[PDB]
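S.K.: I'd like to ask some things about the structure below.
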Amino acid sequence: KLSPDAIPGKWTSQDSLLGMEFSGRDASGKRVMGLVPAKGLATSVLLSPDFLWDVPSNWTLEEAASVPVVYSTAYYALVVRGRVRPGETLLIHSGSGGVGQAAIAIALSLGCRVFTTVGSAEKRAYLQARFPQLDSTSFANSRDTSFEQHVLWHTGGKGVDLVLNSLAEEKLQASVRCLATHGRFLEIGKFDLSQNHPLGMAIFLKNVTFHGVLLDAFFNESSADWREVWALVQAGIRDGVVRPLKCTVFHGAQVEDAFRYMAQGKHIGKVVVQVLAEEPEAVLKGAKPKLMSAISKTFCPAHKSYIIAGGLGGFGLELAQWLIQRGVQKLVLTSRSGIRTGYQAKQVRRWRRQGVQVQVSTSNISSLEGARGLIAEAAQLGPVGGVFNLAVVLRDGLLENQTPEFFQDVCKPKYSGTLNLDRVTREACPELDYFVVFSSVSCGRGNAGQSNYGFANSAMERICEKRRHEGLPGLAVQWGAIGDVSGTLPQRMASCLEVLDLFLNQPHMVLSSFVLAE
Amino acid sequence: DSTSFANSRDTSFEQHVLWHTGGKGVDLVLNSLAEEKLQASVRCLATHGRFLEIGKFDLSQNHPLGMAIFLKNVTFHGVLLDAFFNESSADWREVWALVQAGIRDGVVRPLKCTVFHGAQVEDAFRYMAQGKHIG
Amino acid sequence: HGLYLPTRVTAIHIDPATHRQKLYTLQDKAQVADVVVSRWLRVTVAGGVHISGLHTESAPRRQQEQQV
Ligand SMILES: NC(=O)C1=CN([C@@H]2O[C@H](COP(=O)(O)OP(=O)(O)OC[C@H]3O[C@@H](n4cnc5c(N)ncnc54)[C@H](OP(=O)(O)O)[C@@H]3O)[C@@H](O)[C@H]2O)C=CC1
Ligand SMILES: NC(=O)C1=CN([C@@H]2O[C@H](COP(=O)(O)OP(=O)(O)OC[C@H]3O[C@@H](n4cnc5c(N)ncnc54)[C@H](OP(=O)(O)O)[C@@H]3O)[C@@H](O)[C@H]2O)C=CC1
């Protein structure tokens, strides 16, 4: 129901944005609970110390996971934005949920009277048990617009000062009418705001402050304004206002069950996933978390350098875009001509702006001296990680019109180039981890009029097979037809890149991928 | 400076503010203009912006306000000074102290005045009605 | 990245007379109009058209995956 790009900040993953809060052991071993913009569900997280709190000894790490998000947003909405003061009357929707409970705990501490809305009766009972201060006159129904009448009646027709709204459509408009003069409306939902629904401006004749609250801005920006909310949360933690919520714990292996439990909508409290079990020691100073079986996918170090022979060419530019997304921050692209089109300049400028240390080269991998020069440039940038050979020089034609010169021309980039790259990499590349060369189904199946191209592709496979039997990395991917950049339909670049992601992990030497027509 | 001025009767202050601010907008808008001008002014706000509304016409007419502006953190205020007289004296003392401090610090300077004698109060009303006065 | 479709436009102005005035023929027989996009001002102007306040929202991929 939510598009990944809606989350503020540029992630490019299209996934892994799940999770916002966690509780675990700092690198040293202290018990901490943090607040990450995204990527909270994981066996580890990389977060700045400004977003980490210290778990008091009275708490267990299971409890810690419920405090950060709800209490940070509650404090930000009330104390920082609404400037709630003691004795005021405020309305909090969905009191059973975490945000509502944090708002109630903050409000009752100041001495404010509270009106709340709860969908079912058991939620009313639970809230009555949690906060004995509330009476039978402090409740209403969140599933209809009847709470307007309740709040207007019990407040003497005046209304309420603050209203923390999480509802939508007609229920938002109803909550607007409950405001009293000099009221403040704190909006934390995102449906009506996203849809640009209208709000009658006649409510502002009454001195009113309509607040748009989004805690996401703090995670990626506005660091200075964050320390205020951090201090408020810490003071609440020490002063007993911040009490951990109820926690329904699911194991790590049953995460889909946890998501289904959340989806059903029956939970009261905070759903927590137990990635790992807490130990009695107050400071474990452990080395690593326990290992688990997880799908394997490709990533690259930041200090490694990668090379794409024939990179400027269109299959090469999509492969590079894929690589930059997987962490490659220094690159080397080879091409005889150099940047000679608007598209290539656009892409390279964008990558340089992103921080990638791109460098276009003209060294020809055909000549062994050229291969040494290319590897030397990559070494100058950094230790060599991989070598992708995508160079190709087609000279098609039936065997009758083929000649030695055309065969030599086709073979120089692919066969000779791969040989020279292999030799130089063996000599002077210890840290190398990938070595890929691209072939065509014209090699396996065979095609008419491409005998030279087929021969050139086949020889590359042999070098890769030899490399793998010797223990060094190697791989040859035989493609069909690439779409965006035989009797087989063109394959889209998205599918091709996904498949290449799959192939780099398997143990086989030569692989293939093509789509059958009809 | 000369880049701090724009045009009010026309709606050309949107391009000016956006251009000279780098497209970010502004942190605070004190608005006393009409419907189209008001809608143009809201679009000038930056993130975390604040829209102080001292007019009456749009509020009285109950004209609509697109809530998408609130997706960006924003604070929309309806500023009616008259509430201080009917109640909220404790709140009023804050404004009183602010104005007194401004007077005793030099921040508050007296505006220009066009004096009309008592017997010509009708002339004063007409002159203000013409709308050509400064001060 | 991904595909974004229009969902709201604040204001659009069209004027065929100015449009006819703006179009300039290329060296070949084709007729061309020069466009500008100012993201700071949120205006897309070309010939006799003026799009202001365009807002686009990401659309989920159909995931037809017709290619397997
Ligand atoms: N502005 C911002 O940036 C932030 C926004 N929020 C908002 O705060 C609200 C509460 O968030 P959170 O702390 O997770 O609280 P919960 O998700 O626990 O609260 C959900 C509440 O919504 C109602 N509800 C009804 N059906 C469902 C269902 N199927 N699934 C979930 N809820 C259901 C219930 O209240 P009832 O029965 O009374 O209707 C329930 O208690 C959300 O609207 C969230 O978007 C939170 C923090 C930051
Ligand atoms: N995309 C496809 O349809 C399929 C292609 N393949 C193989 O997969 C890869 C995909 O690339 P592809 O889309 O064909 O790219 P192109 O054929 O569009 O371009 C090939 C690239 O190699 C460069 N190149 C050619 N000769 C040399 C040389 N001697 N030294 C350095 N660079 C050189 C070219 O630049 P310049 O000309 O300036 O040197 C260009 O950048 C290739 O290896 C191709 O053979 C196989 C199956 C499917």
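S.K.: From the list A:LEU502, A:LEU516, A:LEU489, which residue is within 29 Å of the chain's Cα centre (by Cα) and farther than 16 Å from A:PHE315 by Cβ?
M.R.: A:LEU502 is the lone residue from the list that is within 29 Å of the chain's Cα centre (by Cα) and farther than 16 Å from A:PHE315 by Cβ.
S.K.: Okay, moving on. Mind checking which residues of segment A:213-260 are hydroxyl-bearing (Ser, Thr, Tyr) and within 10 Å of ligand 1 (Cβ to nearest atom)? Reasoning before the result, please.
M.R.: Going residue by residue through segment A:213-260, those that are hydroxyl-bearing (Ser, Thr, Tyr) are A:222-223, A:248.
Once the filter is applied, which keeps residues that are hydroxyl-bearing (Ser, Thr, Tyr) and within 10 Å of ligand 1 (Cβ to nearest atom), segment A:213-260 yields nothing.
S.K.: Here's a follow-up. Restricting to segment C:38-47, count the residues that are assigned to a strand (DSSP E or B) and within 13 Å of chain B (Cβ to nearest Cβ). Lay out the reasoning, then the answer.
M.R.: Looking only at segment C:38-47, we keep the residues that are assigned to a strand (DSSP E or B), and these are C:38, C:43-46.
Add one more test, that the residue is within 13 Å of chain B (Cβ to nearest Cβ), and what stays is C:38, C:43, C:45.
Total satisfying the criteria: 3.
S.K.: For segment C:12-26: of the residues being among the hydrophobic types (A, V, I, L, M, F, W, C) and exposed (fewer than 10 other Cβ atoms within 10 Å of the Cβ), which is nearest to C:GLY47 (Cα to Cα)?
M.R.: Among them, the one singled out is C:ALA17.
Residue-wise test of (1) over 24 Å from A:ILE463 (Cβ atoms); (2) more than 14 Å from chain C (Cβ to nearest Cβ); (3) within 14 Å of ligand 2 (Cβ to nearest atom).
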site: A:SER335; (1), (2), (3): no, yes, yes
site: A:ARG340; (1), (2), (3): yes, yes, yes
site: A:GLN347; (1), (2), (3): yes, no, yes
site: A:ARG350; (1), (2), (3): yes, no, no
site: A:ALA376; (1), (2), (3): no, yes, no
site: A:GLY382; (1), (2), (3): yes, yes, no
site: A:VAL392; (1), (2), (3): no, yes, yes
site: A:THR403; (1), (2), (3): yes, yes, no
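S.K.: Further, regarding this structure: So which residues in segment A:285-316 are aliphatic (A, V, I, L, M) and in contact with a strand residue (DSSP E or B) (Cβ under 6 Å, 6 or more places away or on another chain)?
M.R.: A:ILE307, A:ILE308, A:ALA309, A:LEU312
S.K.: Residue check, A:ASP501 against (1) assigned to a helix (DSSP H, G or I); (2) acidic (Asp, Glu); (3) more than 24 Å from A:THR334 (Cβ to Cβ), all met but one. Which one?
M.R.: For A:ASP501, the failing item is (3).
S.K.: Kindly evaluate A:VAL328 against the criterion of being part of a strand (DSSP E or B), under 28 Å from the mean Cα position of the chain (by Cα) and either away from ligand 1 (no atom under 16 Å from the Cβ) or not charged (D, E, K, R) (or both).
M.R.: no
S.K.: Can I ask one more? Could you please find all residues in segment A:1-28 being touching a strand residue (DSSP E or B) at 6+ places or on another chain (Cβ under 8 Å) and assigned to a loop (DSSP other than H, G, I, E, B)?
M.R.: A:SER3, A:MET20, A:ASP26
S.K.: Can you spot a residue in segment C:10-28 that is within 12 Å of chain B (Cβ to nearest Cβ) and not in a helix (DSSP H, G or I)? So that I can check it myself, show each step before the final result.
M.R.: Filtering segment C:10-28 down to residues within 12 Å of chain B (Cβ to nearest Cβ) leaves C:10-11.
Among the residues that remain, those that are also not in a helix (DSSP H, G or I) are: C:10-11.
Within segment C:10-28 (the criterion being within 12 Å of chain B (Cβ to nearest Cβ) and not in a helix (DSSP H, G or I)), the answer is yes, since at least one residue qualifies.
S.K.: In this structure, is A:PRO473 away from ligand 2 (no atom under 15 Å from the Cβ), outside any strand (DSSP E or B) and within 20 Å of A:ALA378 (Cβ to Cβ)?
M.R.: Criteria met by A:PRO473.
S.K.: Follow-up question, since we're still on this one. Conditions first: (1) more than 10 Å from ligand 2 (Cβ to nearest atom); (2) more than 21 Å from A:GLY310 (Cα to Cα). A:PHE503 passes all but one, so which condition is the exception?
M.R.: Status for A:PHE503: all satisfied but (2).
S.K.: A further question follows. Determine, yes or no, whether A:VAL208 is away from ligand 2 (no atom under 16 Å from the Cβ), within 20 Å of A:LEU35 (Cα to Cα) and surrounded by 14 or more Cβ atoms within 10 Å (Cβ to Cβ).
M.R.: Working: away from ligand 2 (no atom under 16 Å from the Cβ): yes; within 20 Å of A:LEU35 (Cα to Cα): no; surrounded by 14 or more Cβ atoms within 10 Å (Cβ to Cβ): yes.
Considered against the rule, which asks whether it is away from ligand 2 (no atom under 16 Å from the Cβ), within 20 Å of A:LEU35 (Cα to Cα) and surrounded by 14 or more Cβ atoms within 10 Å (Cβ to Cβ), A:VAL208 comes out as no.
S.K.: Mind listing just one residue for me: the one in segment A:143-194 that is among the small types (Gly, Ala, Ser) and either within 12 Å of another protein chain (Cβ to nearest Cβ) or touching a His at 6+ places or on another chain (Cβ under 6 Å) (or both) and, of those, surrounded by the most Cβ atoms within 10 Å (Cβ to Cβ)?
M.R.: First pass over segment A:143-194, keeping only residues among the small types (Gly, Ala, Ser): A:146, A:156-157, A:159, A:166, A:168, A:174-175, A:180, A:183, A:189, A:194.
Cutting the leftovers down to either within 12 Å of another protein chain (Cβ to nearest Cβ) or touching a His at 6+ places or on another chain (Cβ under 6 Å) (or both) gives us A:166, A:168, A:180, A:183, A:189, A:194.
Details: A:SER166: 21, A:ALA168: 16, A:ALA180: 21, A:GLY183: 25, A:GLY189: 16, A:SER194: 16.
Per the stated criteria, the residue is A:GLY183.
S.K.: Filter segment A:440-470 for residues that are among the hydrophobic types (A, V, I, L, M, F, W, C), away from ligand 2 (no atom under 12 Å from the Cβ) and not in a loop (DSSP other than H, G, I, E, B) and give the result.
M.R.: Answer for segment A:440-470, where residues must be among the hydrophobic types (A, V, I, L, M, F, W, C), away from ligand 2 (no atom under 12 Å from the Cβ) and not in a loop (DSSP other than H, G, I, E, B): A:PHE455, A:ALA459, A:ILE463, A:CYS464.
S.K.: Pairs, please: C-beta under 6 Å, at least 6 apart or cross-chain, first residue within 14 Å of another protein chain (Cβ to nearest Cβ) and more than 30 Å from A:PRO280 (Cα to Cα) and in segment A:59-88, second within 16 Å of ligand 1 (Cβ to nearest atom) and among the basic types (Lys, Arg)?
M.R.: A:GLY82/A:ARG184
S.K.: Taking B:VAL115 and the conditions (1) more than 30 Å from A:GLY82 (Cα to Cα); (2) within 13 Å of chain A (Cβ to nearest Cβ), which numbered condition does it fall short on, given that it satisfies the others?
M.R.: (2)
Every residue, every condition in (1) within 14 Å of chain C (Cβ to nearest Cβ); (2) within 16 Å of ligand 2 (Cβ to nearest atom); (3) over 30 Å from A:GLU62 (Cα atoms), yes or no:
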position	(1), (2), (3)
A:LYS266	no, no, no
A:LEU284	no, no, no
A:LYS288	no, no, no
A:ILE295	no, no, no
A:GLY310	no, yes, yes
A:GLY313	no, yes, yes
A:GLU318	yes, yes, yes
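S.K.: Being within 26 Å of A:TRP11 (Cβ to Cβ), away from ligand 1 (no atom under 16 Å from the Cβ) and either among the aromatic types (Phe, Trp, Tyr) or assigned to a helix (DSSP H, G or I) (or both) is the requirement here; does A:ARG372 meet it?
M.R.: Answer is no for this residue.
S.K.: Residue by residue through segment A:352-363, note down the ones that are away from chain C (no Cβ under 14 Å) and either within 16 Å of ligand 1 (Cβ to nearest atom) or under 17 Å from A:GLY311 (Cβ atoms) (or both).
M.R.: Those that are away from chain C (no Cβ under 14 Å) and either within 16 Å of ligand 1 (Cβ to nearest atom) or under 17 Å from A:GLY311 (Cβ atoms) (or both): A:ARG352, A:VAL356, A:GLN357, A:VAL358, A:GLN359, A:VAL360, A:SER361, A:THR362, A:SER363.
S.K.: Of everything in segment C:48-68 that's within 9 Å of chain A (Cβ to nearest Cβ) and over 24 Å from the mean Cα position of the chain (by Cα), which residue is surrounded by the fewest Cβ atoms within 10 Å (Cβ to Cβ)?
M.R.: Ranking the candidates gives C:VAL68 first.
S.K.: Taking the condition more than 9 Å from ligand 2 (Cβ to nearest atom) and in a helix (DSSP H, G or I), does A:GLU431 pass?
M.R.: no
S.K.: Let me ask another. Output the number of residues of segment A:133-174 satisfying the condition of being on the phi > 0 side of the Ramachandran plot and within 15 Å of ligand 1 (Cβ to nearest atom).
M.R.: Matching residues across segment A:133-174 total 1.
S.K.: Let me ask something else about it. Would it be correct to say that A:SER366 is more than 14 Å from chain C (Cβ to nearest Cβ), in contact with a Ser or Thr (Cβ under 6 Å, 6 or more places away or on another chain), more than 16 Å from ligand 1 (Cβ to nearest atom) and more than 28 Å from A:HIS508 (Cβ to Cβ)? Before the answer, list the steps.
M.R.: On the way: more than 14 Å from chain C (Cβ to nearest Cβ): yes; in contact with a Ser or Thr (Cβ under 6 Å, 6 or more places away or on another chain): yes; more than 16 Å from ligand 1 (Cβ to nearest atom): yes; more than 28 Å from A:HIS508 (Cβ to Cβ): yes.
In short, yes.
S.K.: Which of the helices (runs of 4 or more DSSP H) contained wholly in segment B:29-135 include at least 2 residues that are farther than 19 Å from A:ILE203 by Cβ and among the polar types (S, T, N, Q)?
M.R.: On the way: elements: B:35-42, B:57-61, B:83-86, B:89-105, B:121-130.
It comes to B:89-105.
S.K.: Of B:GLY131, B:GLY135, which residue is more than 12 Å from chain A (Cβ to nearest Cβ) and touching a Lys or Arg at 6+ places or on another chain (Cβ under 6 Å)?
M.R.: Unique residue meeting the criteria: B:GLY135.
S.K.: Shifting gears a bit: Looking at (1) outside any helix (DSSP H, G or I); (2) away from ligand 2 (no atom under 13 Å from the Cβ), find the lone condition where A:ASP396 falls short.
M.R.: It fails just one condition, (2).
S.K.: Can you tell me which residues in segment B:99-135 are among the β-branched types (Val, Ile, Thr) and surrounded by fewer than 10 Cβ atoms within 10 Å (Cβ to Cβ)?
M.R.: Matches in segment B:99-135: B:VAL115, B:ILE134.
S.K.: Cβ-Cβ distance below 7 Å, separation of 6 or more or different chains: which pairs start in segment C:15-28 with a residue that is under 18 Å from C:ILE51 (Cα atoms) and end on one that is surrounded by fewer than 13 Cβ atoms within 10 Å (Cβ to Cβ) and among the polar types (S, T, N, Q)?
M.R.: Listed pairs, sorted by first residue: C:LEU23/C:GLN31.
Read-outs throughout are calculated quantities, based only on the coordinates presented, and are distinct from any laboratory measurement. Positions of Cβ are generated from backbone atoms using ideal geometry, with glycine treated the same way; all protein chains shown enter the neighbour counts.
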